[PDB]
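For reference, the chain that follows is the form deposited in one PDB entry, supplied as structure tokens.
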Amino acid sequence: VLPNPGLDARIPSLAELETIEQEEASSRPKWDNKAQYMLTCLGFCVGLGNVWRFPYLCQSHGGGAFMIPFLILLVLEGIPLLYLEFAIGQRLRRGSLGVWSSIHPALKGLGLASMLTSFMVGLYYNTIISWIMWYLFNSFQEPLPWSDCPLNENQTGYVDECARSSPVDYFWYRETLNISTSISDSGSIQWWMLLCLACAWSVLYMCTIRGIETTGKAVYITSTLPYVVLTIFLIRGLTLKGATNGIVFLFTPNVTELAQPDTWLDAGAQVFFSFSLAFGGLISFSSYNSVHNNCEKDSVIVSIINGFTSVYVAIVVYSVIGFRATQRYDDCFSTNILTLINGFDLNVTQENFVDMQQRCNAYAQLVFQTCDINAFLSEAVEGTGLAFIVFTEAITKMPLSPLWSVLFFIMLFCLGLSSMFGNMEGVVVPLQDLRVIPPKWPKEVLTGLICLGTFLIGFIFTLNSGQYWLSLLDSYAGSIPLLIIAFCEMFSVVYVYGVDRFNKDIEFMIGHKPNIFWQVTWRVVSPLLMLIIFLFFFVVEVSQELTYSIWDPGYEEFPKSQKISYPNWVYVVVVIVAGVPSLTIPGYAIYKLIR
């Protein structure tokens, strides 16, 4: 629609596309099955959303208050851009970097930014896989190592930190992290954390050695186990006492939060995470299909499973939250009961309490810790705590705790590993297009150079301050960069390449111009939605102050949270993690208009 002079003789002609399939058997890789491609897309979509981010924000926003805005934006901004990406990859027979180069020469920043974002998110997501496998390794003991507290040197009392907090909190912050008080205080490379990091990047190399060939045979177990195990955790989930109390809690959504731009922003950025959009590893994966494959039907199947697994994950999460909250509620009423009995020597139930204490009333000397199930259900764990603090504790109060531990951390590994496969494709392929290495070198080399270079960069997260880094990195890695990239893909396919051209080629491939649904979502609605969520980013950034949670035991309220402001140097780390990728799109565009 805008000036794009010389678009042919930069893009395969539709007349040539029939003649470019049978000849290109060599020099470009091929999916063994249709299923082996659909698994690799689902794996990259279900593993990059549900390995961590999705289950967190659901519990961090109360559930329905996040799920509602999510499923609205999954259909209006998700489905369109997932269809667009599958279609444009299958037509231009290039990965993400080739597609935006062919469409327009100065549109290189898009493909580059997609490679930077894919690199950045995969860097700290393999640390989370390292953390996951640490727990997995520590999950083969009748007493789970986080089930009890360590003793003093005298062994006359439990460790102070572990007493003020919980065995679970201690295993996370001390036994695993050995966390320091601030991002400033950065100690040595925690050795046991480095072994797990090595183990993570290594198994990644083992599965992405020759590329889609070797990964295609990995995604059978990796894309299927998370499911089989997620269903086992539903049957066990719903047998837990507090489940169907917490399930009911996600279905009764907070509306006050529905009026916050924060809830909509986090729901927005999660659509681009749950659909693996603007990472550009899906474009590359659709670029190995037949030119006449139904890429409209694949997008709808993948999206329907992605929307269904979100709800199926929120159910398995709120089962356990409910169970936990019931446990804490009962253990509180029991204590409130013990105090009265131990001060009056009484015969007291969860029912005859308010009358009981009333008639009983020394009463002043007694202290009763007020508590209701609602407050327990509302408790939000921050960070990675839903796996390492909420699930890991609930597992210890479930018989076959060790099984429940190994099943849960294998399904989180699988989910994280299948996410890494698509993140590896969004950095490896754009390098092969740039011809960074000499062509003679095999695939194993480039892959290995990338597997070792990042593994070295992953040492920042094995420090004592290592957890704060992964926190802020994520905060600015999957935010604006994805929003911007995702908006520019929608804009550059419809207003630069022409939606009308885009409608004719799809018609070549599937035999029909897409439904008016697609037309309205692609021309007007999705770009407008992506603009509203792009402002909401700056609306929530201004009012909030740059801060973060620290785990200082010496802190007066050590158990209570401690939100300190980041140092003034951190804005150097923020301006690069978010600005560098987001500015490569204008930056290269300007550079190409002056060359």
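When you see a residue number, it is the position in the sequence shown, counting from 1. We call the rigid core the largest set of C-alpha positions that still match within 1.5 Å between the two forms.
- When the other compared entries with both flanking residues are checked, residue 354 is unmodelled in at least a third.
- Looking at the other PDB entries for this protein, residue 363 is absent from the model in a third or more of those that include the residues around it.
- Going from residue 346 to residue 347, the model skips 1 to 3 deposited residues, which lack coordinates.
- Gap check for residue 361 to residue 362: 4 to 9 deposited residues are absent from the model.
The same protein has a further form, the form deposited in another entry, not shown here; the description that follows concerns it.
- Comparing the two forms between this form and the one not shown on the rigid core, the single residue of 168, 477, 493, 129 with a CA shift of 2 Å or greater is 477.
- Annotation: Cα of residue 543 displaced by at least 2 Å between this form and the one not shown, core superposition.
- In summary, the C-alpha positions of residue 476 and residue 450 diverge in the other entry, ending up at least 3 angstroms farther from each other than in this conformation.
- Whereas the shown form places them at one spacing, the Cα atoms of residue 415 and residue 477 lie at least 3 Å farther apart in the other entry.
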